[PDB]
Number of protein chains: 6
Amino acid sequence: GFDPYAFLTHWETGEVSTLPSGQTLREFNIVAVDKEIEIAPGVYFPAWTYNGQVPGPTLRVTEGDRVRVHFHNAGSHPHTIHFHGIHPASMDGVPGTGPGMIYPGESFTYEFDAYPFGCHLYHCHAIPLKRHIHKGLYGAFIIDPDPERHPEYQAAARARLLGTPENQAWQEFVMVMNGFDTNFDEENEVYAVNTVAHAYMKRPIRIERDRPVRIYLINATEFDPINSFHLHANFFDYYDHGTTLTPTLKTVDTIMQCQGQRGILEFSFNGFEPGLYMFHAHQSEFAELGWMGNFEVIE
Amino acid sequence: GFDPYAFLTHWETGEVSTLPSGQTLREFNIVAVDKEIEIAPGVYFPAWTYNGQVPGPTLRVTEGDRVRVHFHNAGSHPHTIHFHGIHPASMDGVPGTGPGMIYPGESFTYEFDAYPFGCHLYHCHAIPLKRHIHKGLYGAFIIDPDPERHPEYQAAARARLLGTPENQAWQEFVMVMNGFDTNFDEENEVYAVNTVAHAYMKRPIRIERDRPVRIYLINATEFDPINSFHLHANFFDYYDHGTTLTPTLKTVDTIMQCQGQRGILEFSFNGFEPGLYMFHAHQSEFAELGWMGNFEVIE
Amino acid sequence: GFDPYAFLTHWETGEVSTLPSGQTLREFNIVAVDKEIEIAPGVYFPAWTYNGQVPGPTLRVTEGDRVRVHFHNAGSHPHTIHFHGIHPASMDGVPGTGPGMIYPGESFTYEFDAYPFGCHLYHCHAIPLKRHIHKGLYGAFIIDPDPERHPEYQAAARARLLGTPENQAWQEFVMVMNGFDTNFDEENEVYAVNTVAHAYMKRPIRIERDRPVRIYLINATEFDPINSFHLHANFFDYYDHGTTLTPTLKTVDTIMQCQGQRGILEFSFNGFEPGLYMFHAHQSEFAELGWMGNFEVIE
Amino acid sequence: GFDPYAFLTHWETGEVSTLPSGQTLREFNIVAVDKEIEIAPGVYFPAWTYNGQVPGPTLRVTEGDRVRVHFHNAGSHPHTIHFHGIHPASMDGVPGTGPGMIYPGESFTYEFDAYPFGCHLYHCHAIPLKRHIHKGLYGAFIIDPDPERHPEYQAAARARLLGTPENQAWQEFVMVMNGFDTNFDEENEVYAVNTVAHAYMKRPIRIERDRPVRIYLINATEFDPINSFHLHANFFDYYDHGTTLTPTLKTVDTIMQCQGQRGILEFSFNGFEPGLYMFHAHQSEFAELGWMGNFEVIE
Amino acid sequence: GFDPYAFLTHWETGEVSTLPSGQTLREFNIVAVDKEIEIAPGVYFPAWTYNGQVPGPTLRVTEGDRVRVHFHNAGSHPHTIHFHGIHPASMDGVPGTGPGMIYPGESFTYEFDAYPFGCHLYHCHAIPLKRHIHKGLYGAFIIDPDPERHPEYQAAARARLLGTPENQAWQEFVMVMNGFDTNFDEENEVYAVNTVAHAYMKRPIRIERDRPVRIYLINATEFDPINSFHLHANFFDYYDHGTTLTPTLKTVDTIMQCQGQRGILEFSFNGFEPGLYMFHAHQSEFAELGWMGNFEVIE
Amino acid sequence: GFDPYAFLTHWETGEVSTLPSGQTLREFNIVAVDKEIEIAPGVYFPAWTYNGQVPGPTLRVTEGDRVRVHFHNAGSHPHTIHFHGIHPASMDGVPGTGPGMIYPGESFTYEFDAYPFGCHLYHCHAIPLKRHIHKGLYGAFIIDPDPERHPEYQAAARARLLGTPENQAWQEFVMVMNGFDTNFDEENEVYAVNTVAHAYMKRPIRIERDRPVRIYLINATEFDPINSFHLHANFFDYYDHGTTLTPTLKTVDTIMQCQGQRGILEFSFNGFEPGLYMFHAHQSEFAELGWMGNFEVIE
Ligand SMILES: [Ca+2]
Ligand SMILES: [Ca+2]
Ligand SMILES: [Ca+2]
Ligand SMILES: [Ca+2]
Ligand SMILES: [Ca+2]
Ligand SMILES: [Ca+2]
Ligand SMILES: [Ca+2]
Ligand SMILES: [Ca+2]
Ligand SMILES: [Ca+2]
Ligand SMILES: [Cu+2]
Ligand SMILES: [Cu+2]
Ligand SMILES: [Cu+2]
Ligand SMILES: [Cu+2]
Ligand SMILES: [Cu+2]
Ligand SMILES: [Cu+2]
Ligand SMILES: [Cu+2]
Ligand SMILES: [Cu+2]
Ligand SMILES: [Cu+2]
Ligand SMILES: [Cu+2]
Ligand SMILES: [Cu+2]
Ligand SMILES: [Cu+2]
């Protein structure tokens, strides 16, 4: 029961509390479990998943928070969670430091402070590297800027901070470019944004004309060197890794990312004729094989 | 029939008039035609073309112009023109909106305002996507900045506006990186800039060293993930998508683009010894298979 | 023979003298020689080398120096040295200009002024292009900025000028990403940083926590379109081609480069827990096949 | 353009003059140009040619003549002319000695005295060797014996000196055995004598019964180790390389040649019943694929 | 059926009579018949044969004889007999002259004067060429010199004329090098002299020490470009095509022949220690696959 | 270990003694041993060798000498030495006669009188034939003519008899054409003269112009049917097997040999312009893969 339509706007913000220092603490529970997933109606893929879904839960925190991820391995192979983000070596989720890999039946709690602000990700780093990523163990990790730490860009920070009135004006979506090699010969058969091939052709993403749009776009695609995003009929600002509050690229319509790269796209359909506006990879075969969608811009 | 040496400096600026508001109107005529093209002497490729040539005509307009492209399909398969540019959904040249695909014998007029300024392209977007681009349906679309709209970068803007005395000082060239899969197994056999393999090795591009050089560089290569440009013995400024009037990358000699990406390169051979200065893909096999040329810097 | 641990910090600065004009002169001796190299214990590769090592010697000069490279070919095939840098056409090291290719038994002196400051490279450009690069004829070429020529970024420039006290505070490493196709079918079997697969897993690179780190990172990998660099648990500033004194990308942890691209990475492990901090390509299979290493952060 | 029937008896004897020493000078003009050639109706091959034809012009001079060949490269790849004959090292047409390869736009004059008398050839010797020969850069070079220098064999010498009454009685043909690999996988698809498969089946070579026949037979076929000539219903004398005035083999009907070998065949159909007399490779598949022809013996 | 030991010394000399003019006439009857042959015990090959054997009957006549070969096709495909020898075009046994191909149930008489003396062969020349030869339609054709016509070489002529007392002193053998492609993919599986793989290893050829040896050696091997003969521990004189009475090559132990070539080998084991003396192709795999035998030199 | 430059002129002439009859005895010690050889720097080939080198020692004796070759097998597989020369069956080095094969740890002394004079070779003849030759078990065997036995050609014989003043005036070289199948699929990857690919491009063979040149040329190449020798810019006389004192072929520049064939080439660069003069296989791919060298003709 994975819903690629609910997934677009679903932020896991954790079990929240306040540490005695005043620092906010966000706790998450993540279980690695072997599970069937469906990448097109009637195409089943044997996944290794975080919390039973591919991509894993989108974790969204604020710059400066204390993050605790309680990780339990209920699968059949050893796994980790490697975060893209600042943290100690022993919290890195690689086989050779800290606890090492987390074996079936074992549990381990990752702890770190949420730095730097931007758009990040997490994925398994086991043996061999490409196998555990391909099987499904990846997800989005978003660290909102703390507007009080960035007075020179306060308005931009507030528009990214989940729950502010500025942020509520924005239509924010998370999008993970992934692919699936169904016969396990290291070449992808199926491509997608958020797992389900052509999911947003069957059901376009509804966009209010008068509100700006922000995409947190992440490349999790294995085996292929790059993936890309082309926005039809409109241009966006791109923020590489989302780690700056001013754009990396102003006014582009096609960007590319290798695996592990990611960023923030901001654009607006304000004043456009209502209708369907396509977005897809500019690797033509990826689009043909499932990585193509529509925005539905409404009055 | 196709001349890669004339193509370098050929701009189609259309039939000009004015709308009652005073907005400038530019009108173009484009016909899809199945046609033989020659990619090396004695290598014939069965192309789908705009106006009988690959790449199609370079269309060049001013920021804010109203553009009308009368499109007629005189071929055997349905086709479109998808512009990289701001326009309404019904004008997007995709199968699912407006008039959909344009079938043999049919016509349609694409109409939009020319935004944003920069270096862009157009190409077919039919079914399947990779087949119609590979067969030859792509071309360059340049939108000159309007200097009145950019007072803070007026000199930079005037140097890009076709016809000003500042623009006449520059030596401007169009370069489309393409490739050809002559046995149709989805792997290119021939690579080129402007279609004819090694055309600018056979006859180098003559460059007056006292005037600066601007290249509008577009990647239309299908099947391969990236293409690139290495300038020998010199460095250029790179403007990604051409959509800013300040450089994206200062002082580089090798840049890469996935398909659909493009940009502007600016450099000068002022003070250099006269001679041959090579430019080519830094994917070594591409350069060996045709994507290599020479500038001839003259006293 | 080749010591990948010593290579990290080895700078070849030449025989120094003064031209009549007062310009500094730096002279180097490079011999091409066919030689066995070891890319893993017991894996021998039949290489074409500069001075008997792959990568070739790292040449490091100052912006504005006069550079003379006395090149002798002691091999069995014709070779050149093509520098990425500003120089006359006849000094470009390509087959069709100046002296042409340097055949076995021949000698030629490449001479030019060292511009522009940045992180660069040199490699053979013979026939066909991919064969001579793959076989091992590539090396790093670093042009330090002259701080007297950059008053607005004097401190940034002095930290890059080899030998200043500011520069001695930095821990600088040169890293060439390369690959080896041991059965010569144009797909790599082994990937590495600095030739020896997993060299820096076997013996981690020791990093003092209290001092910043600079990496001159170069992509010499053939056949594959891109290579990349992921820093675990930390973020870096990226200077594309090293040709600016301000960062191209602020605060990233994954960058990619096509072949011939290169840049400077700057980061610090100040304040971090001591331990092992991984770095590797984010093309997962490259990392599995040798392009993976550890920094050892010490108190 | 290419006429294999005219080619059989076409001799380029140069522009003739006398040097101050009294020595005869013969000058030739040869241009390398990329061009389509037709190896069978509707089979187009992308060729590299000398003067727009494959095989190149048949050059015929006299023992002791001074030969000047003005060579110009109007193609896109570097090329040479390597003559099989006696000449200085700097005139040998190999990479790396003398001028080396002649790059696009360059010119060079090959100059030597014509020795030794016999049947020879010329072909490109660039990198790699097999590519430039296969692409079409080969031709016949015939040095007639000077009858005054061979008093013991004066009648045989006079019969080979072009234009004497003894020579006019002989029917002389040049035949270049060649092949074409149209999908460029290093295995020939088409075989022929003088390029056009089965040309002399479609139109037999008319032979006058009462006049002897001389063939200058050259093997330019690439990739295959040997080619051969079988004369039906008759026997010939064979002169290996044509360098002696008495036969190498008396009364044979099948000879073989590796590439670069060549010789003179002499036979007579005097007394034979008029009709069609076949000649072809005795590699049966070569004959099936184009290397088969007929002599038409008429009363 | 086929006896390779009897084949060695079996000469078919025809039905002899005298024409009114006094010229000797020799008549032969040859039937093309489809038949199994055994090329190794238990390896059955579907052959097309002359008179039910592969090789066909060895025909041996005298220079100047009138030869009449009555040919009848009892097979299922059309066939010819193409003699290597002098004859009218209408008697050449090729599809396009005379009676053309002889279809099933048809007949034709080949008629010619036996010229020139030497070692020759006959084989089918139908469509396609390689198929009919490979299937088995080839045989030896020997024309003895008439000693009256060769007074200068009368002893050598007489030693070759079948039946003279000088000829009886010689040990004369016919040997046809052939091969078989049992899965019909155009590459031989089996090689032999006289069809049966290793027949003369199983049963060596008995050689009297005190008498010289002569071999009529013919290459009928299809698909492979050359075949060869190496005589162990001894040297022989080679007569190319047998068409001269003086050796082509003196004192050799390895000769090669393309298909259709053939000749005469003469040697003596006089004074040699009795024992086994090997002879085989010097293409090693041919020897391994059946083309290897022993001479048994007896006191 | 192996030195291809010293190998060119190294003659193993044996330990000499006098038999009671007065006949000269030349004894040689040859050990078969498995050893690595280097066919290019970093290309290691697992060889079966005579005395630790490929080719084996060049043995040079005089016609009529008694030769004893003490052969010991220190390898892992059975081996022999089969000489191309006259000798008894029991001394012929084949599996079925005399001692049979020499198994690991066994020894055998080959003995025979050295006949006939000429250029010969020796090689293993075990099971299967091609595998032991390819692995490296072959060498040159040269029998000088005894001038006292050839009074009609006494001058030619003295110039071949090693050590005479006439022989000192000749420049003599031994060249074995060989090849290597490094992945053991029965097709060669590397070709050479004297094992090391392009050895004489790296270091040309120095040739004086006032002395003529003699090459003992041997074809040991497995798998391929023929190999060849082309001399640039000059012509030579060829002596097939070297078994005559007059040439087989006068004035040729390209000869071919199947495996086990060999001969003597004589030429002179007297009066030539000093320079580099190429020599190589006219099978273009063999030359590209290592069988190419230069003569350095000096003033
Ligand atoms: Ca508190
Ligand atoms: Ca797959
Ligand atoms: Ca108006
Ligand atoms: Ca293809
Ligand atoms: Ca490989
Ligand atoms: Ca040179
Ligand atoms: Ca082919
Ligand atoms: Ca077969
Ligand atoms: Ca092989
Ligand atoms: Cu895992
Ligand atoms: Cu990662
Ligand atoms: Cu289309
Ligand atoms: Cu596009
Ligand atoms: Cu090189
Ligand atoms: Cu480069
Ligand atoms: Cu060429
Ligand atoms: Cu040649
Ligand atoms: Cu037949
Ligand atoms: Cu035949
Ligand atoms: Cu052996
Ligand atoms: Cu042998």
Side-chain angles (χ1 to χ4, degrees), chain E residues 187 198 201-202 204 207 209 219 221 223-238 240 247-259 267-289 291-298, chain F residues 82-98 110 112-113 115-121 123-134 138 143 186 218-226 238-246 248-249 256-263:
Chain E
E187 313 285 9
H198 296 309
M201 303 300 293
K202 183 187 284 156
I207 286 313
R209 216 155 49 139
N219 184 11
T221 303
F223 309 120
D224 290 292
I226 62 132
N227 210 324
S228 59
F229 186 105
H230 171 42
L231 183 63
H232 277 218
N234 204 358
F235 284 68
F236 56 87
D237 288 341
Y238 186 61
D240 202 335
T248 311
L249 290 166
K250 261 275 184 195
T251 317
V252 292
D253 71 21
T254 301
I255 58 107
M256 64 169 160
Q257 295 171 353
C258 80
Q259 191 199 57
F267 53 94
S268 177
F269 281 101
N270 182 79
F272 272 74
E273 156 199 293
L276 299 178
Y277 291 84
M278 197 179 293
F279 63 100
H280 61 91
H282 220 296
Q283 293 62 244
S284 297
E285 209 179 333
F286 297 8
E288 164 192 334
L289 294 171
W291 173 184
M292 184 192 281
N294 275 323
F295 292 116
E296 204 203 311
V297 170
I298 76 188
Chain F
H82 165 63
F83 284 91
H84 285 236
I86 293 159
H87 49 249
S90 63
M91 296 294 176
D92 186 58
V94 296
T97 78
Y110 299 94
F112 49 82
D113 280 340
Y115 296 101
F117 77 83
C119 176
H120 311 290
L121 70 149
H123 61 84
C124 188
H125 188 129
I127 308 164
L129 191 49
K130 63 175 152 40
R131 168 185 205 204
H132 303 250
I133 295 174
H134 170 238
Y138 46 82
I143 301 173
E186 302 177 13
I218 291 142
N219 187 11
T221 303
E222 194 48 77
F223 304 125
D224 294 287
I226 63 135
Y238 184 67
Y239 303 65
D240 207 334
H241 289 51
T243 46
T244 61
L245 291 174
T246 60
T248 311
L249 296 170
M256 64 166 163
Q257 306 165 345
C258 78
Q259 192 197 53
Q261 286 186 323
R262 73 286 190 172

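Order of the sequence lines fixes the chain letters, A, B, ..., with proteins taken first and strands second; residue numbering starts at 1 for each chain. Atom set for the values below is all heavy atoms of this structure, side chains included, hydrogens, waters and symmetry mates excluded.
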Answer with side chain, backbone, both or neither: which region of [X] has an atom nearer than 4.5 Å to a non-hydrogen atom of chain E?
X	value
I127(F)	neither
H132(F)	neither
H134(F)	neither
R131(F)	neither

What residue in [options] has the most heavy-atom pairs under 4.5 Å with chain E?
options	result
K130(F), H82(F), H241(F)	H241(F)
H125(F), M91(F), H120(F)	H125(F)
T243(F), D240(F), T244(F)	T243(F)
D92(F), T248(F), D224(F), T97(F)	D92(F)

Check each atom of [X] against the heavy atoms of chain F and say whether the ones under 4.5 Å are side chain, backbone, both or neither.
X	value
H282(E)	both
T251(E)	both
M292(E)	side chain
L249(E)	side chain

Hey, is the main chain of [Y] close enough, under 3.5 Å, to the side chain of [X] for a donor-acceptor pair?
X	Y	value
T221(E)	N227(E)	no
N219(E)	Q257(E)	yes
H87(F)	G85(F)	yes

- Could you check whether the rings of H280(E) and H232(E) sit parallel, tilted or perpendicular, using 30° and 60° as the cut-offs? perpendicular
- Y138(F)-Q259(F) side chain donor-acceptor pair, cut-off 3.5 Å: no
